[PDB]
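Engineer: Provided below: input34.cif, containing mmCIF, C-alpha atoms; chains and numbers go by the auth columns.
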```cif
data_my_file
loop_
_atom_site.group_PDB
_atom_site.id
_atom_site.type_symbol
_atom_site.label_atom_id
_atom_site.label_comp_id
_atom_site.label_asym_id
_atom_site.label_seq_id
_atom_site.Cartn_x
_atom_site.Cartn_y
_atom_site.Cartn_z
_atom_site.B_iso_or_equiv
_atom_site.auth_seq_id
_atom_site.auth_asym_id
ATOM 1 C CA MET A 1 33.757 4.729 -19.455 0.00 120 A
ATOM 2 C CA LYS A 2 37.416 5.846 -19.378 0.00 121 A
ATOM 3 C CA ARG A 3 39.884 5.833 -16.464 0.00 122 A
ATOM 4 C CA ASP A 4 42.563 8.147 -15.050 0.00 123 A
ATOM 5 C CA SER A 5 45.521 8.473 -17.372 0.00 124 A
ATOM 6 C CA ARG A 6 48.702 7.035 -15.851 0.00 125 A
ATOM 7 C CA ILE A 7 51.883 7.269 -17.885 0.00 126 A
ATOM 8 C CA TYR A 8 55.122 5.380 -17.347 0.00 127 A
ATOM 9 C CA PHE A 9 58.297 6.512 -19.083 0.00 128 A
ATOM 10 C CA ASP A 10 60.347 3.429 -20.007 0.00 129 A
ATOM 11 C CA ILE A 11 63.882 3.967 -18.619 0.00 130 A
ATOM 12 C CA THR A 12 65.493 1.161 -20.585 0.00 131 A
ATOM 13 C CA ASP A 13 67.113 1.652 -23.993 0.00 132 A
ATOM 14 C CA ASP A 14 67.738 -0.596 -26.987 0.00 133 A
ATOM 15 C CA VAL A 15 69.953 1.932 -28.801 0.00 134 A
ATOM 16 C CA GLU A 16 73.472 3.353 -28.315 0.00 135 A
ATOM 17 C CA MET A 17 74.459 7.010 -28.460 0.00 136 A
ATOM 18 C CA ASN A 18 76.974 9.435 -27.058 0.00 137 A
ATOM 19 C CA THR A 19 76.590 11.406 -23.857 0.00 138 A
ATOM 20 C CA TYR A 20 75.418 14.463 -25.794 0.00 139 A
ATOM 21 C CA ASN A 21 72.544 12.570 -27.356 0.00 140 A
ATOM 22 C CA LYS A 22 71.581 11.098 -23.980 0.00 141 A
ATOM 23 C CA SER A 23 71.132 14.561 -22.532 0.00 142 A
ATOM 24 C CA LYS A 24 69.144 15.491 -25.599 0.00 143 A
ATOM 25 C CA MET A 25 66.875 12.454 -25.107 0.00 144 A
ATOM 26 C CA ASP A 26 66.445 13.216 -21.407 0.00 145 A
ATOM 27 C CA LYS A 27 65.367 16.761 -22.246 0.00 146 A
ATOM 28 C CA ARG A 28 62.886 15.424 -24.777 0.00 147 A
ATOM 29 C CA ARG A 29 61.618 13.128 -22.041 0.00 148 A
ATOM 30 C CA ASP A 30 61.181 15.816 -19.387 0.00 149 A
ATOM 31 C CA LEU A 31 59.744 18.180 -21.970 0.00 150 A
ATOM 32 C CA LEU A 32 57.156 15.532 -22.875 0.00 151 A
ATOM 33 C CA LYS A 33 56.530 14.764 -19.207 0.00 152 A
ATOM 34 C CA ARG A 34 55.851 18.433 -18.555 0.00 153 A
ATOM 35 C CA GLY A 35 53.354 18.481 -21.459 0.00 154 A
ATOM 36 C CA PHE A 36 51.345 15.532 -20.082 0.00 155 A
ATOM 37 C CA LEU A 37 51.292 16.906 -16.539 0.00 156 A
ATOM 38 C CA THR A 38 49.629 19.942 -18.084 0.00 157 A
ATOM 39 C CA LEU A 39 46.825 17.933 -19.666 0.00 158 A
ATOM 40 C CA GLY A 40 46.420 16.272 -16.276 0.00 159 A
ATOM 41 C CA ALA A 41 48.083 12.893 -16.770 0.00 160 A
ATOM 42 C CA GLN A 42 49.600 11.171 -13.738 0.00 161 A
ATOM 43 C CA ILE A 43 53.284 10.399 -14.240 0.00 162 A
ATOM 44 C CA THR A 44 54.119 7.268 -12.245 0.00 163 A
ATOM 45 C CA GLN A 45 57.555 6.497 -10.858 0.00 164 A
ATOM 46 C CA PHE A 46 57.087 2.727 -11.045 0.00 165 A
ATOM 47 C CA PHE A 47 55.598 0.494 -13.719 0.00 166 A
ATOM 48 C CA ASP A 48 52.735 -1.732 -12.643 0.00 167 A
ATOM 49 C CA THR A 49 49.357 -2.973 -13.782 0.00 168 A
ATOM 50 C CA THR A 50 47.665 0.380 -13.261 0.00 169 A
ATOM 51 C CA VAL A 51 49.618 2.199 -15.922 0.00 170 A
ATOM 52 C CA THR A 52 47.543 3.072 -18.977 0.00 171 A
ATOM 53 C CA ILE A 53 50.353 4.246 -21.282 0.00 172 A
ATOM 54 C CA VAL A 54 54.047 3.461 -21.662 0.00 173 A
ATOM 55 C CA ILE A 55 56.189 6.042 -23.446 0.00 174 A
ATOM 56 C CA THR A 56 59.355 4.298 -24.589 0.00 175 A
ATOM 57 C CA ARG A 57 62.524 5.014 -26.560 0.00 176 A
ATOM 58 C CA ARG A 58 62.798 1.368 -27.489 0.00 177 A
ATOM 59 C CA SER A 59 61.591 -0.589 -30.508 0.00 178 A
ATOM 60 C CA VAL A 60 57.857 -1.251 -30.416 0.00 179 A
ATOM 61 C CA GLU A 61 57.739 -3.507 -33.485 0.00 180 A
ATOM 62 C CA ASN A 62 60.229 -5.803 -31.736 0.00 181 A
ATOM 63 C CA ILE A 63 58.491 -6.297 -28.409 0.00 182 A
ATOM 64 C CA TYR A 64 57.773 -9.933 -29.339 0.00 183 A
ATOM 65 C CA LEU A 65 61.503 -10.609 -28.929 0.00 184 A
ATOM 66 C CA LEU A 66 61.528 -9.426 -25.304 0.00 185 A
ATOM 67 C CA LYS A 67 61.419 -11.400 -22.068 0.00 186 A
ATOM 68 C CA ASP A 68 58.063 -11.851 -20.356 0.00 187 A
ATOM 69 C CA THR A 69 59.192 -9.700 -17.421 0.00 188 A
ATOM 70 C CA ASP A 70 59.975 -6.757 -19.687 0.00 189 A
ATOM 71 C CA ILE A 71 57.639 -3.868 -18.966 0.00 190 A
ATOM 72 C CA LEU A 72 56.913 -3.496 -22.714 0.00 191 A
ATOM 73 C CA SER A 73 55.823 -7.177 -22.935 0.00 192 A
ATOM 74 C CA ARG A 74 53.635 -6.681 -19.882 0.00 193 A
ATOM 75 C CA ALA A 75 52.201 -3.486 -21.312 0.00 194 A
ATOM 76 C CA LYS A 76 51.145 -5.288 -24.460 0.00 195 A
ATOM 77 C CA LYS A 77 49.815 -8.284 -22.572 0.00 196 A
ATOM 78 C CA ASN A 78 47.710 -5.755 -20.575 0.00 197 A
ATOM 79 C CA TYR A 79 46.387 -3.891 -23.647 0.00 198 A
ATOM 80 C CA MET A 80 48.118 -0.683 -22.556 0.00 199 A
ATOM 81 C CA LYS A 81 49.128 1.869 -25.150 0.00 200 A
ATOM 82 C CA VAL A 82 52.852 1.899 -26.010 0.00 201 A
ATOM 83 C CA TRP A 83 54.114 5.068 -27.699 0.00 202 A
ATOM 84 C CA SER A 84 57.421 6.379 -28.993 0.00 203 A
ATOM 85 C CA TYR A 85 58.496 9.876 -28.124 0.00 204 A
ATOM 86 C CA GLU A 86 57.496 10.900 -31.669 0.00 205 A
ATOM 87 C CA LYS A 87 53.958 9.563 -31.452 0.00 206 A
ATOM 88 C CA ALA A 88 53.678 11.121 -27.970 0.00 207 A
ATOM 89 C CA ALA A 89 54.829 14.540 -29.140 0.00 208 A
ATOM 90 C CA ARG A 90 52.324 14.162 -31.971 0.00 209 A
ATOM 91 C CA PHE A 91 49.596 13.433 -29.445 0.00 210 A
ATOM 92 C CA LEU A 92 50.324 16.654 -27.571 0.00 211 A
ATOM 93 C CA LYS A 93 50.538 18.830 -30.669 0.00 212 A
ATOM 94 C CA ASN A 94 47.232 17.568 -32.132 0.00 213 A
ATOM 95 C CA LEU A 95 45.715 18.426 -28.750 0.00 214 A
ATOM 96 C CA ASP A 96 46.899 21.995 -28.974 0.00 215 A
ATOM 97 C CA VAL A 97 49.864 21.977 -26.531 0.00 216 A
ATOM 98 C CA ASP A 98 52.624 24.582 -26.856 0.00 217 A
ATOM 99 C CA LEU A 99 55.784 22.439 -27.007 0.00 218 A
ATOM 100 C CA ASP A 100 58.163 25.233 -27.925 0.00 219 A
ATOM 101 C CA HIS A 101 56.697 27.382 -25.136 0.00 220 A
#
```
Just give me the structure as structure tokens.
Structural biologist:
Amino acid sequence: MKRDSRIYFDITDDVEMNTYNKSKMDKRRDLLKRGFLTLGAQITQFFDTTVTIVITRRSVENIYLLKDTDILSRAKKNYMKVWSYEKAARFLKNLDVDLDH
């Protein structure tokens, strides 16, 4: 049987951008956060072993190059789901969630 959905938003980046784009990414984040709250996900402040999903802006295909203490390493070690913002926004759409609204 399944367990409560607990989502951690990775706060670390592996990309550079200007201030404008940061704000735009932060909006995307909050907007996504708001969507998952709606479906009833729990949105945890800290990362730990009870997270079921990490939503990250960083490079998933390159996790193998990360330190062992990096939350993305740990998430993969722990068979958690790691999603990009795109895949996440897909998840919400396909589940009939008004993103625009």
Engineer: Calculate how many Å separate atom CA of residue A:141 from atom CA of residue A:203, rounding to one decimal.
Structural biologist: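 Taking atom CA of residue A:141 and atom CA of residue A:203, their separation equals 15.7 Å.
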Engineer: Using all atoms listed in the file, which residues sit within 9 Å of stretch 128-140 of chain A once same-chain residues fewer than 6 positions away are excluded, as an mmCIF file with C-alpha atoms, in the coordinates of the input?
Structural biologist:
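Result file is around_28.cif:
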```cif
data_model
loop_
_atom_site.group_PDB
_atom_site.id
_atom_site.type_symbol
_atom_site.label_atom_id
_atom_site.label_comp_id
_atom_site.auth_asym_id
_atom_site.auth_seq_id
_atom_site.Cartn_x
_atom_site.Cartn_y
_atom_site.Cartn_z
ATOM 1 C CA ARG A 148 61.618 13.128 -22.041
ATOM 2 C CA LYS A 152 56.530 14.764 -19.207
ATOM 3 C CA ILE A 162 53.284 10.399 -14.240
ATOM 4 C CA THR A 163 54.119 7.268 -12.245
ATOM 5 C CA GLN A 164 57.555 6.497 -10.858
ATOM 6 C CA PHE A 165 57.087 2.727 -11.045
ATOM 7 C CA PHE A 166 55.598 0.494 -13.719
ATOM 8 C CA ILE A 172 50.353 4.246 -21.282
ATOM 9 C CA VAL A 173 54.047 3.461 -21.662
ATOM 10 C CA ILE A 174 56.189 6.042 -23.446
ATOM 11 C CA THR A 175 59.355 4.298 -24.589
ATOM 12 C CA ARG A 176 62.524 5.014 -26.560
ATOM 13 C CA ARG A 177 62.798 1.368 -27.489
ATOM 14 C CA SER A 178 61.591 -0.589 -30.508
ATOM 15 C CA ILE A 190 57.639 -3.868 -18.966
ATOM 16 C CA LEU A 191 56.913 -3.496 -22.714
#
```
Engineer: Between A:157, A:142, A:169, A:213, which has the minimum distance to residue A:127 (counting only C-alpha atoms)?
Structural biologist: A:169
Engineer: Which residue, A:214, A:185, A:158, A:170, has the smallest gap to residue A:201 when you use all atoms listed in the file?
Structural biologist: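 For residue A:201, the nearest of the given residues is A:170.
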Engineer: Kindly provide, as JSON, the centre and edge lengths (Å, one decimal) of an axis-aligned box around all atoms of stretch 156-161 of chain A given in the file, with 3 Å on each side.
Structural biologist:
```
{"center_x": 48.9, "center_y": 15.6, "center_z": -16.7, "size_x": 10.9, "size_y": 14.8, "size_z": 11.9}
```
Engineer: Once the PyMOL selection byres ((chain A and resi 150) around 12) has been applied to the shown file, what residues remain in the selection, as a PyMOL selection string?
Structural biologist: chain A and resi 142-149+151-157+204+207-208+211+216-220
Engineer: May I ask which of the residues A:167, A:215, A:180, A:189 is the closest one to residue A:126, counting all atoms listed in the file?
Structural biologist: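 With all atoms listed in the file as the atom set, the closest residue is A:167.
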